[PDB]
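Written below as structure tokens is the structure these notes are about.
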Amino acid sequence: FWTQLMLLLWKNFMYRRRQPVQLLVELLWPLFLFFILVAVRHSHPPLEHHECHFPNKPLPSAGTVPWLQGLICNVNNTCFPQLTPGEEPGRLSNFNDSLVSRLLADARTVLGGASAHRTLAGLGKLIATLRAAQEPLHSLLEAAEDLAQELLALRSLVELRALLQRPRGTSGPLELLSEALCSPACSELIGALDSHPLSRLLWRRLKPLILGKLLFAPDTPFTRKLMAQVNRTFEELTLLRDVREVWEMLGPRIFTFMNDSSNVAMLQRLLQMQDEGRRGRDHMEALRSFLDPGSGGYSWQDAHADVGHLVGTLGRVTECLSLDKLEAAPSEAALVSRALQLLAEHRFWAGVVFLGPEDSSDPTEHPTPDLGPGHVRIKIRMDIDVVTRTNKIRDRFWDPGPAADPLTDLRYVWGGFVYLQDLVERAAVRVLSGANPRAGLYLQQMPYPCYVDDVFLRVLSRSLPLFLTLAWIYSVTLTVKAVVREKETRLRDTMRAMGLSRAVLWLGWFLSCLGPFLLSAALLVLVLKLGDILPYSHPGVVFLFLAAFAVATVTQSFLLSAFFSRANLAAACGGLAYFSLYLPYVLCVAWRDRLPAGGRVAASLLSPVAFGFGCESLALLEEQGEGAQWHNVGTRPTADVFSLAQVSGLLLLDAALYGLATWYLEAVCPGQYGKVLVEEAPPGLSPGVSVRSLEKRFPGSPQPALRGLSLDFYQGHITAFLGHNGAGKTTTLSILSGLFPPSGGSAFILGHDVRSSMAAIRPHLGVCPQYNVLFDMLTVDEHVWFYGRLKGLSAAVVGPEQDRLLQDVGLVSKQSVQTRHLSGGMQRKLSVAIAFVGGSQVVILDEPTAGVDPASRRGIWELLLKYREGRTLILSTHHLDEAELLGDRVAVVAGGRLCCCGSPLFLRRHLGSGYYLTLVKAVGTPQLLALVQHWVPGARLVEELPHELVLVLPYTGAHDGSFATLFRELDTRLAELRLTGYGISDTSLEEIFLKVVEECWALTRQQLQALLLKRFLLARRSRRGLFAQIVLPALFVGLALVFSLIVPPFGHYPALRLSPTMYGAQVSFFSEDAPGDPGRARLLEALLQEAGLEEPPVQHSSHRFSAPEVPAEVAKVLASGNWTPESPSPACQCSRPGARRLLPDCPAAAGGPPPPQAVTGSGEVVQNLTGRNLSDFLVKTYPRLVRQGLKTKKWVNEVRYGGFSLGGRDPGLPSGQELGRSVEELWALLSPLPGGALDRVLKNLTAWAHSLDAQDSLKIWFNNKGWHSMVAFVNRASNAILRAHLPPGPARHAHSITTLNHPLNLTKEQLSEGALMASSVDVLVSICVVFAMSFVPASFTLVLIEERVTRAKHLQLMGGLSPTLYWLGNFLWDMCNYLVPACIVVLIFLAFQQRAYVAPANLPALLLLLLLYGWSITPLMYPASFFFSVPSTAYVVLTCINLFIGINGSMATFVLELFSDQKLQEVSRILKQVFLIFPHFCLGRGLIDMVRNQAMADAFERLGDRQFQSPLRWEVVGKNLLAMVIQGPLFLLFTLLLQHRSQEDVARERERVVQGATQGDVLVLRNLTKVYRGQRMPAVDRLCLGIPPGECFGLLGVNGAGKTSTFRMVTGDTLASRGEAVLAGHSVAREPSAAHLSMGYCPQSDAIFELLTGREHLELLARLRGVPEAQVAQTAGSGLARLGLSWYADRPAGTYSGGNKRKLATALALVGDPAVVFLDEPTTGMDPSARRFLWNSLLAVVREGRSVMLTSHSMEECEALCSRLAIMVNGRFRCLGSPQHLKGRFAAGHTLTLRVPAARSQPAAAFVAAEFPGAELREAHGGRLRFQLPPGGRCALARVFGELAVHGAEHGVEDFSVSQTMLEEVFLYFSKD
Ligand SMILES: *[C@@H]1O[C@H](CO)[C@@H](O[C@@H]2O[C@H](CO)[C@@H](O[C@@H]3O[C@H](CO)[C@@H](O)[C@H](O)[C@@H]3O)[C@H](O)[C@H]2NC(C)=O)[C@H](O)[C@H]1NC(C)=O
Ligand SMILES: *[C@@H]1O[C@H](CO)[C@@H](O[C@@H]2O[C@H](CO)[C@@H](O[C@@H]3O[C@H](CO)[C@@H](O)[C@H](O)[C@@H]3O)[C@H](O)[C@H]2NC(C)=O)[C@H](O)[C@H]1NC(C)=O
Ligand SMILES: *[C@@H]1O[C@H](CO)[C@@H](O[C@@H]2O[C@H](CO)[C@@H](O)[C@H](O)[C@H]2NC(C)=O)[C@H](O)[C@H]1NC(C)=O
Ligand SMILES: *[C@@H]1O[C@H](CO)[C@@H](O[C@@H]2O[C@H](CO)[C@@H](O)[C@H](O)[C@H]2NC(C)=O)[C@H](O)[C@H]1NC(C)=O
Ligand SMILES: *[C@@H]1O[C@H](CO)[C@@H](O)[C@H](O)[C@H]1NC(C)=O
Ligand SMILES: *[C@@H]1O[C@H](CO)[C@@H](O)[C@H](O)[C@H]1NC(C)=O
């Protein structure tokens, strides 16, 4: 068992080693791909980011100073690793380092304690004034001293002063403002801003807010009140001008009172020193503070100058205030127009629409929520370049980031949308409520944990199977091609029938093909591990996975190899079939979430899908910081993924299923590869081979293939078997061997049945089929070694058998060369010798001389002479002339039944015609007849043709005395008879064999009409093929049109409603601080009610919230540590050095116990989170929520989006109440101005001081991944505030605010973008119609190629067919074939009503484009027919090249034209649109331009278009059409020029031809010379021949003689280098058409069409030869009648027998009556009845008066059919004469055979040598003798004849036979030597 196993393994290894190029490329193919992958990975290393925190952001509702402070400081959004002060529950602002806050606090704390001083001063002044109609001075002095001392202890004043006295260097004003915080003057400010890029970008972001223009469409007084309430903040802001002008008016007055009022001031100051002196050092320090004698110090002048400078700076800052940025518009359309006009000068900011519920103008929305007032709806319109897009909510590809980038994602902040929303909401709540609520809103972004960003892992998981499949496609194709090639040549059948079993072959193939896959897998695992692609993973698991996949793919390849039956077809189709199974993985991964878990296992049946699922599981497990390892082989990383063990099990199950399916399907072909006149009494009775009434019945044929055969064979005799094809000979051979079991009868061989003995009869059996059994890569030595080893011979003595056989076959010199496919013809003798290696007693041969050269034929025959002893041999060969030489006994079968059998002596050849007496001439028939009758009455006259006379001598009464007297008289008369020659031949076995077989301008118009009919019939006969190759390509795109519009077309962004409920179920916060206030409780209750919670009764409300239970281990961990509700969580690990993780993972004890929660009616979850950080909790608990959606990473649904914290008051001491008291005391008492110039200012200062309480605040935590969370939560907060402030009642339910979002429709550049720069559906349609239409043009070359490889085209050309007409007809038929799919696709476009292809202006463009596309694309495929030799591979290559060039050119030019950045891309595409040439690229450009222009017309016709945009314009599609139509005929011209690129008797006949030419002689040859290139010797050199037309000429020769060269030169196949060959007086060189018009050519090649029938060919030829239409039918009838064809009339010519092909070729040649008919090898292995019809037809045609020249190997026919023969060797004639003279001249002597029952040589040889002087002998055997009498005997043969008549009495002789020098005497001479 093992022996054949490793023999097969060694044979496969020998195959593999002999093709180094394939092995090297197979090894090196995936290495480059994985090197590319490794380089790609090396390009982008992973990134790491630490834990991140963000600062707070205020809003204008909170205040003015904090809002601007935030706007200025938090421009940059720097991430903070530590905690920020704003997130703690207590603090709100984080700007104590800010100078402004310190200044405000200092001012408040100083003015708080100064009330007593100012009040005392005021009351003193008033009492002094009242008494007008010293102690107050002292009190005022002390108060001023105290205030001066207090203001001295204020550093912030010192820093601000030091800031003021500085030059104007550095950068500009805003940098100084930022340092202090964190109109030509305006023109200079803008210039300074543009001076520095930082200030440049700051001003770019800030300017639209400053210089905007707010608008509102409705103009009712309600909206006017709303707008006034809106800009109340702007009204308050523009107050600095009032104080500026107040200072500007007051300063001059006090200044005038300051200087030149010096005497008076000195007077009071001198008065006030002695006031304190006589009542200390504190006073003069106060005096120095006043600086009354101020020269060294600086108080007054500098204070005045600095106050003026600061006021001027503030005025300059406020100079460019917008002042009035609020306008109104009457209508929405007018609003849009005015907004666009403002956008023209960069003035527009945002438009507001107060859409009312009563208006009912709501697209896709309810007109109103309910009847009655109290509902307000607001739209905000802004430029699309600012507001975020409004088409999708969540990102389509999850990223592991916090999404904090102010330029890209944070658009609502620097666009000002939130500011306007907050202002409008505050105005609306103020107007609706009727009160003045206060709530400072703050925005806080939730923190994000430390993470690692790596884009490579997801694409790796999505792309690894693709790389593996493209890596192993080559190996799959090679394996399937090798298997199919082996199974095609039936060698597997020989191995199975010769002793092997199916299991051994399958295991050998498996273990042969499992090597390279495992080697590649090992190399890939090594490069993956060492390439850092999959780090931290143990290689063993990956290697096992890859090995399982390799096993699955190799068994899948074996399964795939069970469909095809052609080598190259299988090689081409296997790769496509295997790659086509990978798409379902892509389809599944696209719809990953949709598919249920039930279908996953079902889809995993295909190997690539299972591998992809395993790969994604491996990648997901890799991302968790630990690759594949033994720790977690059987653990599922996620709830809905597969562990690797399940994947491996599924792979092995699939492999087993595929193997079993292949084993079952191997039986799809059962078996198919897709009269008693006898004698049994030999002298040696050795029944070695015997069959007794065998029976078998094939399923296809109801009649049994072979009937009962009771004949038995005998050892020691070379028995011969004769029969017809399909007459049971093949069935008998199959049954005798092990191919099929014996169905009936007995087949006992050597006493044991073949079926009973099984393998025990193999050691002594010999089978040699007609098909060769050889291996191309091996050589003869290992061939015989392998065969001897497999047959069971011991390897010890295999060497002697090997060398003995190789020396016996005479291949000693040719075995050391070690070449198999480098030799031809010789291999037959080696193949037949292989059957003799085992020394089997019984050997079977089937056609051992099928096509071998005669010069070696005797060779193999000699081998049979070497093994004619001690062995039984049974040969079954169709021919007869070889059978007689080796025939000890002969058996005959006919119709699956034995007819006769016996021995070739008279016991079998019972024929009346005994001997044939031939008389030749160089006189008179009556005289010869009278002489013959006188000598012997017995004589028959059968032949009387001129120059010969054949008589028949009856066998009965063969009295040799009378014949001897007759021939002696002839010897005494032949001298004067002028005959000078005669002969007596015996009965040829052919005639007796047959007898016993039946004993038991209009011309070319009709030519092209015929060609069109032929093409139409050929196309129509393949019904399924034509439908498949026409209907399918059109309907593919036809049905793909409707399904290609998945991608939505671009359009206006829809109006979106903003609300938290639009996301779904989620988790929110309502954390609260300082609950000691009824208003805060009311606000919290309003928030709870708005969240969707119902107020329960108090008894149930007591337990309205429930705390989830804590696990025991978590509680134990918390208790073990020291954890408080505020204290930090236990811990949480991070990314270790090297061991990176996507997200931190730490135990559930982190974050504390689960907080109490409740569930609302809408599925929302609310959580009560007071008493914590509320920050560390979020950081710890974030990844747990997201981990669920991490499996697919496509549309991740987070739970936490936002939350509220009710921060109340602010820890600090502003004490603004006493500030208001001081301000009102100053206003009422000091300087009461009735005009209000100061009174209104003091009023607003009092209002600000009293409003400084800031009763409460509210912080909103938002998650930025949700795109519209910010505005939704702001709206919810505003609605909750209004609900809280509203009184209880029904109106609470009926009052609400709705905020929407609706960007302005479009501008021009957005049109340019969204009209064509997407074009996804249009591009897909264009490329799809590019691919689908490309298959048709390559389909036409199949027919041309298959006619070119066959000699059918050549046979057609030897008619009257000109190449021009042929090519034109092919082109026209291709037009007719192509016309249908174009109509189908155009009707499809009409059916789907595509807008771009339905208008009256664009339809002709498409029609002409498609039609002319086909017209100009068909001729390009024609030139490819010549080079290629295989149809399917040529079709595949042409289709691939067409698709490649088309898609590459089109997509390259497309991607170049869009996304243009630099002028270099502009020029190149222009050239890429000028080079043209390719019709594929032309069609692509035309269609894509059509669709682009239609799209731009559709976009522009919505607006004012004013452009015709004609599709038919010259510069649009016209140039392509013109260029391609004018180049169309160029391909036809080039291909036609490529096709037409080609531009002693021997001596006496030579002299006769040289001296002149005969007019009657049709064939005249002069200087016949053919010189071969590179062979150093011409094939034929200087011959000549003159063939008369009234007789039939025959030419003969050995291989290499050059006869085929002569035939091809006469035909015209070979270029006529030199020589004259003229037929019928018409020269081939002068006019080849005239020579070929009347030539009837019949080659050995079966140039036939499978679909076409014989009668179709005959009718086609007849109508090509000018036969009238009516006479064509009768000509076809006569042509079939002269060959029969009654049973084959309707059958196609392809499905005929072997001889029927040649007979129909002869019929085709003879039809039309050509001047000369040439036949090359017309009789090669057919039934003798076909030969009978053939010689009948040829005698008829030669009698008709036409010349026929025939050349073949069997010349006996020519002896029996023609009257002139010529032998030629190596281009030199040898005989060239009349056939009888040829035998008389060179064939020389005569031979004699004797058959003696005693089988003793001497008694016969004595008088045989006595009769003639010669003593030549050959093959001296008892069965048959051969004696060569002296050649050229002058006397008659009668000298023996009568003598023989006596010697029958001397010795017992069975019979004597004489061979009187026939034509095959040359073959006898060759056999002898
Ligand atoms: C809320 O939880 C946070 C922790 O999530 C508490 O703040 C943390 O306080 C510790 C104690 O100082 C900080 O540890 C420090 O780490 C630095 C790192 O270099 C180290 O140099 C110091 O010696 C110290 O060990 C920790 O950084 C800090 N957390 C953050 C994010 O900065 C906070 O106290 C909790 N709130 C409470 C208790 O009210
Ligand atoms: C931006 O898009 C809006 C919305 O499509 C455009 O408003 C639309 O303008 C057209 C005028 O070109 C209006 O068509 C009119 O319809 C009435 C019937 O309601 C008909 O009687 C008129 O004869 C005219 O056909 C259309 O109603 C109006 N609205 C919609 C929803 O289509 C707007 O014009 C676009 N921007 C610009 C600058 O055009
Ligand atoms: C707020 O809006 C109102 C009306 O829309 C403005 O009232 C007028 O504003 C212009 C220029 O701003 C003044 O010239 C008029 O005298 C104002 N008339 C009245 C009756 O007030 C108001 O000015 C706007 N507020 C601001 C700061 O511009
Ligand atoms: C606050 O200052 C304003 C001046 O800017 C005082 O006068 C008001 O001015 C606006 C327009 O600027 C008018 O529409 C109002 O009618 C004016 N009077 C009032 C009472 O608002 C305003 O009086 C000052 N505030 C207080 C409380 O006196
Ligand atoms: C903004 O922050 C980035 C990143 O830290 C820094 O490089 C840049 O200088 C900052 N720019 C400004 C204007 O603050
Ligand atoms: C004030 O008056 C004095 C008187 O000599 C004069 O010199 C001075 O220029 C005036 N202005 C100021 C600002 O001192």
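Identifiers for the structure tokens are assigned positionally: chains receive A, B, ... in sequence, residues are indexed from 1 per chain, and ligands are indexed from 1 in the order shown.
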
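Residues in contact range of residue 1242 in chain A, defined as at most 8 Å between only C-alpha atoms, with sequence neighbours fewer than 5 positions away removed, read residues 1223, 1224 and 1227 of chain A.
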
What are the closest atom pairs, with distances in Å to one decimal, for each residue of chain A lying within 7 Å of ligand 3, using only C-alpha atoms and all ligand atoms, rows by chain and rising residue number, as CSV?
residue,atom,partner,partner_atom_place_in_ligand_line,distance
A:224,CA,ligand 3,5 (O),6.8
A:227,CA,ligand 3,2 (O),6.3
A:228,CA,ligand 3,2 (O),5.0
A:231,CA,ligand 3,1 (C),5.0
A:232,CA,ligand 3,25 (N),6.5
A:234,CA,ligand 3,27 (C),4.5
A:235,CA,ligand 3,27 (C),3.7
A:238,CA,ligand 3,27 (C),6.7
A:323,CA,ligand 3,28 (O),5.1
A:324,CA,ligand 3,28 (O),4.0
A:325,CA,ligand 3,28 (O),6.7
A:326,CA,ligand 3,5 (O),6.2
A:327,CA,ligand 3,5 (O),6.7

Considering only helix (DSSP H, G or I) as DSSP defines it on the backbone, what residues of range 37-282 of chain A qualify? List them as JSON, numbers by chain. {"A": [37, 38, 39, 40, 41, 42, 43, 65, 66, 67, 68, 69, 70, 71, 72, 73, 85, 86, 87, 99, 100, 101, 102, 103, 104, 105, 106, 107, 108, 109, 110, 111, 112, 115, 116, 117, 118, 119, 120, 121, 122, 123, 124, 125, 126, 127, 128, 129, 130, 131, 132, 135, 136, 137, 138, 139, 140, 141, 142, 143, 144, 145, 146, 147, 148, 149, 150, 151, 152, 155, 156, 157, 158, 159, 160, 161, 162, 163, 164, 173, 174, 175, 176, 177, 178, 179, 180, 181, 184, 185, 186, 187, 188, 189, 190, 191, 192, 193, 194, 195, 197, 198, 199, 200, 201, 202, 203, 204, 205, 206, 207, 208, 209, 210, 221, 222, 223, 224, 225, 226, 227, 228, 229, 230, 231, 232, 233, 234, 235, 236, 237, 240, 241, 242, 243, 244, 245, 246, 247, 248, 249, 250, 251, 252, 253, 254, 255, 256, 262, 263, 264, 265, 266, 267, 268, 269, 270, 271, 272, 273, 274, 275, 276, 277, 281, 282]}

List all protein, DNA and RNA residues that have an atom no more than 6 Å from any atom of ligand 4, counting only C-alpha atoms and all ligand atoms, and report them as a VMD selection string. chain A and resid 235 239 1240 to 1241 1243 to 1244

Store the residues of this selection in a file with N, CA and C atoms, as an mmCIF file, in the first residue's frame.
data_model
loop_
_atom_site.group_PDB
_atom_site.id
_atom_site.type_symbol
_atom_site.label_atom_id
_atom_site.label_comp_id
_atom_site.auth_asym_id
_atom_site.auth_seq_id
_atom_site.Cartn_x
_atom_site.Cartn_y
_atom_site.Cartn_z
ATOM 1 N N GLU A 235 -28.218 97.806 24.263
ATOM 2 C CA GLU A 235 -28.513 99.125 24.814
ATOM 3 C C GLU A 235 -27.714 99.375 26.085
ATOM 4 N N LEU A 239 -22.920 102.244 26.968
ATOM 5 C CA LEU A 239 -22.999 103.263 28.004
ATOM 6 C C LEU A 239 -21.693 104.029 28.186
ATOM 7 N N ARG A 1240 -29.166 108.961 35.225
ATOM 8 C CA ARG A 1240 -29.411 107.665 34.594
ATOM 9 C C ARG A 1240 -28.213 106.734 34.756
ATOM 10 N N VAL A 1241 -26.997 107.282 34.680
ATOM 11 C CA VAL A 1241 -25.805 106.471 34.902
ATOM 12 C C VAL A 1241 -25.801 105.918 36.320
ATOM 13 N N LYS A 1243 -28.360 105.492 38.181
ATOM 14 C CA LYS A 1243 -29.463 104.543 38.274
ATOM 15 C C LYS A 1243 -29.041 103.161 37.790
ATOM 16 N N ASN A 1244 -28.345 103.099 36.653
ATOM 17 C CA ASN A 1244 -27.926 101.798 36.139
ATOM 18 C C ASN A 1244 -26.789 101.201 36.971
#

Return as a tab-separated table the residues of chain A lying at most 7 Å from ligand 5, together with the closest atom-to-atom pair for each and the distance in Å to one decimal, counting only C-alpha atoms and all ligand atoms, with rows in chain order and ascending residue number.
residue	atom	partner	partner_atom_place_in_ligand_line	distance
A:76	CA	ligand 5	1 (C)	4.7
A:78	CA	ligand 5	2 (O)	5.7
A:198	CA	ligand 5	13 (C)	5.4

Keeping C-alpha atoms, export the residues of the selection given above as a PDB file, in the first residue's frame.
ATOM      1  CA  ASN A  76      -7.477  77.788  22.212  1.00  0.00           C
ATOM      2  CA  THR A  78      -6.005  73.660  25.751  1.00  0.00           C
ATOM      3  CA  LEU A 198      -2.583  85.017  16.111  1.00  0.00           C
TER       4      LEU A 198
END

Select the residues contacting ligand 1 at a distance of at most 6 Å, based on only C-alpha atoms and all ligand atoms, then format the selection as a PyMOL selection string. chain A and resi 82-83+1126-1128+1173+1176

Distance table requested - chain A against ligand 6, cut-off 7 Å, only C-alpha atoms and all ligand atoms: one row per qualifying residue with the closest atom pair and its distance in Å to one decimal, ordered by chain and rising residue number, as CSV.
residue,atom,partner,partner_atom_place_in_ligand_line,distance
A:259,CA,ligand 6,1 (C),4.4
A:260,CA,ligand 6,2 (O),5.7
A:301,CA,ligand 6,13 (C),6.5

For the residues in that selection, give me N, CA and C atoms as a PDB file, in the first residue's frame.
ATOM      1  N   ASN A 259      -5.293 124.964  38.231  1.00  0.00           N
ATOM      2  CA  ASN A 259      -4.294 126.013  38.087  1.00  0.00           C
ATOM      3  C   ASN A 259      -4.928 127.397  37.998  1.00  0.00           C
ATOM      4  N   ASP A 260      -4.155 128.390  38.441  1.00  0.00           N
ATOM      5  CA  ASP A 260      -4.499 129.808  38.471  1.00  0.00           C
ATOM      6  C   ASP A 260      -5.547 130.092  39.540  1.00  0.00           C
ATOM      7  N   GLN A 301      -1.213 115.914  38.227  1.00  0.00           N
ATOM      8  CA  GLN A 301      -1.030 116.003  36.781  1.00  0.00           C
ATOM      9  C   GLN A 301      -1.072 114.621  36.144  1.00  0.00           C
TER      10      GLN A 301
END

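The protein and nucleic acid residues lying at most 12 Å from range 19-24 of chain A are residues 12, 13, 30, 31, 474, 475, 477, 478, 479, 515, 516, 519, 520, 776, 777 and 778 of chain A, with only C-alpha atoms considered and sequence neighbours fewer than 6 positions away removed.
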
Grab the CA of residue 1358 in chain A to CA of residue 1732 in chain A distance for me, in Å with one decimal place. 27.2 Å

Excluding same-chain residues fewer than 2 positions from residue 874 in chain A, what lies within 12 Å of it counting only C-alpha atoms, as a ChimeraX atom specification? /A:688-690,712-722,729,732-733,736,765-768,841-848,864,868,871-872,876-877,883,886-891

Output C-alpha atoms for every residue in the selection just made, as a compact mmCIF listing (two decimals), in the first residue's frame.
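Heads up, here's the output in out03.txt:
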# COMPACT_ATOMS: atom_id res chain seq x y z
CA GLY A 688 -4.39 -19.85 -22.32
CA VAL A 689 -7.00 -17.24 -23.29
CA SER A 690 -10.66 -18.24 -23.48
CA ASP A 712 -10.81 -19.29 -27.47
CA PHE A 713 -7.23 -18.19 -28.10
CA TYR A 714 -4.05 -20.26 -27.96
CA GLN A 715 -0.58 -19.66 -26.56
CA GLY A 716 2.46 -19.47 -28.83
CA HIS A 717 0.73 -17.97 -31.88
CA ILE A 718 0.51 -14.29 -32.87
CA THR A 719 -3.25 -14.14 -33.29
CA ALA A 720 -4.77 -11.21 -35.19
CA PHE A 721 -8.18 -9.64 -34.62
CA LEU A 722 -10.18 -7.80 -37.29
CA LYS A 729 -13.63 -4.90 -30.27
CA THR A 732 -14.09 -6.87 -25.61
CA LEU A 733 -10.73 -5.29 -24.77
CA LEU A 736 -10.93 -8.56 -20.76
CA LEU A 765 -1.18 -9.53 -17.77
CA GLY A 766 -0.23 -7.05 -20.47
CA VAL A 767 -2.37 -4.15 -21.70
CA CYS A 768 -1.30 -1.49 -24.22
CA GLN A 841 2.43 -14.49 -20.60
CA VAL A 842 -0.66 -12.80 -22.08
CA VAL A 843 -0.31 -9.37 -23.70
CA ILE A 844 -2.93 -7.18 -25.41
CA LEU A 845 -2.14 -4.55 -28.05
CA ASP A 846 -4.55 -2.05 -29.62
CA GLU A 847 -3.27 -0.23 -32.73
CA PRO A 848 0.51 -0.34 -32.11
CA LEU A 864 6.95 -8.75 -31.64
CA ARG A 868 6.57 -14.32 -30.28
CA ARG A 871 3.97 -15.57 -24.66
CA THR A 872 0.37 -15.22 -25.80
CA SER A 876 -6.33 -5.60 -32.58
CA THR A 877 -5.35 -3.34 -35.49
CA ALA A 883 -1.89 -8.49 -40.21
CA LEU A 886 2.28 -11.62 -38.29
CA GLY A 887 -0.88 -13.69 -38.67
CA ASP A 888 -0.61 -17.22 -37.32
CA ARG A 889 -4.40 -17.19 -36.88
CA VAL A 890 -7.02 -14.57 -37.72
CA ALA A 891 -10.39 -13.84 -36.11

Given a cut-off of 7 Å, what residues near ligand 2 show up using only C-alpha atoms and all ligand atoms, put as a ChimeraX atom specification? /A:1305-1306,1502-1503

Selection export as an mmCIF file, in the first residue's frame, atoms kept: N, CA and C atoms:
data_model
loop_
_atom_site.group_PDB
_atom_site.id
_atom_site.type_symbol
_atom_site.label_atom_id
_atom_site.label_comp_id
_atom_site.auth_asym_id
_atom_site.auth_seq_id
_atom_site.Cartn_x
_atom_site.Cartn_y
_atom_site.Cartn_z
ATOM 1 N N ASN A 1305 -30.224 78.447 1.864
ATOM 2 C CA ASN A 1305 -30.333 77.383 0.872
ATOM 3 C C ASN A 1305 -29.000 77.117 0.169
ATOM 4 N N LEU A 1306 -28.483 78.039 -0.641
ATOM 5 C CA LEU A 1306 -27.221 77.780 -1.337
ATOM 6 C C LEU A 1306 -26.582 79.085 -1.792
ATOM 7 N N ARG A 1502 -33.171 75.215 -11.722
ATOM 8 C CA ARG A 1502 -33.894 75.617 -10.521
ATOM 9 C C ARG A 1502 -33.747 77.114 -10.282
ATOM 10 N N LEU A 1503 -32.538 77.633 -10.455
ATOM 11 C CA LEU A 1503 -32.272 79.063 -10.429
ATOM 12 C C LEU A 1503 -32.374 79.601 -11.859
#

Step one, run DSSP on the backbone; step two, keep only residues of range 933-1003 of chain A assigned to strand (DSSP E or B); then write them as a VMD selection string. chain A and resid 940 to 943 948 to 954 982 to 985

Using only C-alpha atoms, determine which residues lie at most 9 Å from residue 1200 in chain A, disregarding the query and same-chain residues fewer than 5 positions distant; provide the list as a ChimeraX atom specification. /A:1066-1068,1182,1185,1262-1263

Resulting file, chosen residues, N, CA, C and O atoms, as a compact mmCIF listing (two decimals), in the first residue's frame:
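Saved to selection-v4.txt:
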# COMPACT_ATOMS: atom_id res chain seq x y z
N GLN A 1066 -31.72 56.98 27.24
CA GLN A 1066 -30.42 57.52 27.61
C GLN A 1066 -30.37 57.71 29.12
O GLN A 1066 -31.29 57.31 29.84
N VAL A 1067 -29.29 58.31 29.60
CA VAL A 1067 -29.07 58.56 31.02
C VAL A 1067 -28.68 60.02 31.20
O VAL A 1067 -27.81 60.52 30.48
N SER A 1068 -29.30 60.69 32.17
CA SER A 1068 -29.10 62.11 32.40
C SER A 1068 -28.86 62.37 33.88
O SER A 1068 -28.99 61.47 34.72
N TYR A 1182 -17.05 55.74 32.29
CA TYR A 1182 -17.28 55.93 30.86
C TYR A 1182 -17.10 54.67 30.03
O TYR A 1182 -18.03 54.32 29.27
N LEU A 1185 -20.05 51.81 29.49
CA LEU A 1185 -21.20 52.04 28.63
C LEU A 1185 -20.84 51.83 27.16
O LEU A 1185 -21.64 51.28 26.39
N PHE A 1262 -22.16 68.58 28.73
CA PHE A 1262 -22.52 68.11 27.40
C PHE A 1262 -21.46 67.16 26.86
O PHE A 1262 -20.27 67.29 27.18
N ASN A 1263 -21.90 66.22 26.04
CA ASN A 1263 -21.03 65.28 25.35
C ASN A 1263 -21.00 65.66 23.87
O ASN A 1263 -22.05 65.72 23.23
